[PDB]
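Next up: just one chain, as structure tokens, the form deposited without ligand MTL.
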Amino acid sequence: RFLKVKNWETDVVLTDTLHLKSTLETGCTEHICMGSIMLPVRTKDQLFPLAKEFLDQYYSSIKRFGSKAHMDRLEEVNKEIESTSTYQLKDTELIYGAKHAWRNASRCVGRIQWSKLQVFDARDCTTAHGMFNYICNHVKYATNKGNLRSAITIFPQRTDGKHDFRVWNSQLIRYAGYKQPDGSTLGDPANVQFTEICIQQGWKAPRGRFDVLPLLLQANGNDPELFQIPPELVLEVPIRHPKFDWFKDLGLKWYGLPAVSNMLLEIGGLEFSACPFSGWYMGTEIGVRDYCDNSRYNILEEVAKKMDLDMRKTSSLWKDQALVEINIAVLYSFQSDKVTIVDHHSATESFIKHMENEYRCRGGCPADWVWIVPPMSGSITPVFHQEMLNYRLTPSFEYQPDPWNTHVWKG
């Protein structure tokens, strides 16, 4: 079968064959679309086909399909699975796998970059202190004094599901949130629950608006342990506006390195439950969502107040007006400090180019429109006008339950 997608701005029509290689399920059926739903211990028997499918992909990618090296590797993996119930990836296969999980991530707009990914192999790690050291190095390498480089660090894979490595933080670097007795929140409301966990674990909270959380790290299924990332390694950007001199006085800053640490990397049926990865920000993630969501820093009022917009009626578009100024400020600030960031115009345009290249060379590009379209100025970016097809390819990054819900406390 062939599936066609049209761009309604350009009339460019693309043809998708890649979706035929898709195995995992979407949530959708012929009777219901769940395209806007946020979230819609293996046997030997299920493992070998997964390994085989993966290794066939790997061996094809290197133009060695059906070679002796290919066949020997299948036999070697087969025998390893039968004898030990699992298997180990060669370094080459790990790097390929991690790049492909990124390539396949349908909610990521930054995928033009997929082939430039520094992979840190942390499969020799044994302890939470070892994890902390690996993560410091990843943060320092990725930060590169503002000239950000994409990286992932891959800790040992799941075995029986009782010895999992986990990073409990949702991102390596995030700000604390503190619920007050009067019901207000100080700092980031998204991180209140994780913050309370850190405090309970013994973190001494400074209790300010932008406190970098400690790492909470679990090795080999043991109880997690707390660590402070050295502050000298946490690059931050104070936010100011090119024309509005009062903007600095809102006291805003953000961190330069977005590093997702709570997802699971699946490669050839193996599960890497601790695999923090980082790239660089698109300006809207900070200036739209982190600053202006009602459930986040929620600064729209204070900003529109200082701009003296008419706030008595929504139809003056004061919220829209303040939103644009905040986003200009974020981009201006990062650029002024030489910290990598991309605007939503540049990012979405590159993604369209990436997407077309992918159709031509690969037979498709799975893409989740709901996530790809930026949360401001949707239709003046080219992605709004682009039909997309969403389906799940492996290797992949997956959600996993938060570890405080599943962890068996050893005490």
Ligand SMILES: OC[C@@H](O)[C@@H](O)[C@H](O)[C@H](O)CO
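For every residue, the number given is its place in the sequence shown, counted from 1. Between two forms, the rigid core is the largest collection of C-alphas that superpose within 1.5 Å.
Undergrad: Superpose by the rigid core: which stretch, 176 to 184 or 236 to 244, shows more Cα shift in 5 other deposited structures of this protein?
TA: Stretch with the higher C-alpha RMS distance in 5 other deposited structures of this protein: 176 to 184.
Undergrad: Between 158 to 166 and 141 to 149, which one strays more from this form in 5 other deposited structures of this protein if you match the rigid core and compare Cα atoms?
TA: More C-alpha displacement in 5 other deposited structures of this protein shows up in 158 to 166.
Undergrad: Please count the deposited residues lying between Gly378 and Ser379 that the model leaves without coordinates, and give the class: none, 1 to 3, 4 to 9, or 10 or more.
TA: In the deposited sequence, nothing is left without coordinates between these two.
Undergrad: Of 303 to 311 and 130 to 138, which one has the bigger average CA B-factor?
TA: Stretch with the higher mean C-alpha B-factor: 303 to 311.
Undergrad: On average, which has the higher Cα B-factor in the deposited entry, 202 to 210 or 113 to 121?
TA: Per the PDB record, 202 to 210.
Undergrad: Looking at the C-alpha B-factor values in the deposited entry, which of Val383, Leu47, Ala367, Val342 comes out highest?
TA: Within the set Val383, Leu47, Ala367, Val342, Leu47 shows the top C-alpha B-factor.
Undergrad: In this PDB entry, which of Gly183, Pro276, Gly283, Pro189 has the top CA B-factor?
TA: In this record, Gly183 carries the highest C-alpha B-factor of the candidates.
Undergrad: Sorting the chain's CA B-factors, does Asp320 end up in the lowest, middle or highest third?
TA: Middle third, going by the recorded CA B-factors of the chain.
Undergrad: Which third, lowest, middle or highest, does the C-alpha temperature factor of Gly35 belong to within its own chain?
TA: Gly35: CA B-factor falls in the middle third of its chain.
Undergrad: Looking at the C-alpha B-factor of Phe155, is it in the lowest, middle or highest third of its chain?
TA: Lowest third of the chain for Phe155's C-alpha B-factor.
Undergrad: Could you look up the Cα B-factor of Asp164 in the entry and say which third of the chain it sits in: lowest, middle or highest?
TA: According to the entry, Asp164 has a C-alpha B-factor in the chain's middle third.
Undergrad: Thinking about Cα B factors across the chain, which third does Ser346 belong to?
TA: For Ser346, whose C-alpha B-factor we compare with every modelled residue in the chain, the answer is the middle third.
Beyond the structure shown, there is the form deposited with ligand MTL bound, which is absent from this document and is the topic of what follows.
Undergrad: Identify the site as open or blocked, taking the pose of ligand MTL in the entry with it bound and overlaying it via the site C-alphas; a blocked site has 3 or more ligand atoms within 2.4 Å of a backbone or C-beta atom of the shown form.
TA: Site status open, zero atoms under the 2.4 Å cut.
Undergrad: Since exactly one of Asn220, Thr86, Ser170, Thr185 fits, which has a heavy atom within 4.5 Å of ligand MTL in the entry with it bound?
TA: Comparing distances to ligand MTL in the entry with it bound, the residue within 4.5 Å is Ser170.
Undergrad: Which one, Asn327, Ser333, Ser273, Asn191, lies within 4.5 Å of ligand MTL in the entry with it bound by heavy atoms?
TA: Only one option qualifies, and that one is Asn191.
Undergrad: Heavy atoms, 4.5 Å, ligand MTL in the entry with it bound: which of 193 to 201, 129 to 137, 236 to 244, 317 to 325 makes the cut? Say which one.
TA: Only one stretch qualifies here: 193 to 201.
Undergrad: Taking only heavy atoms into account, state which residues of 395 to 411 are within 4.5 Å of ligand MTL in the entry with it bound, ordered by sequence.
TA: Result: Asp402, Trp404.
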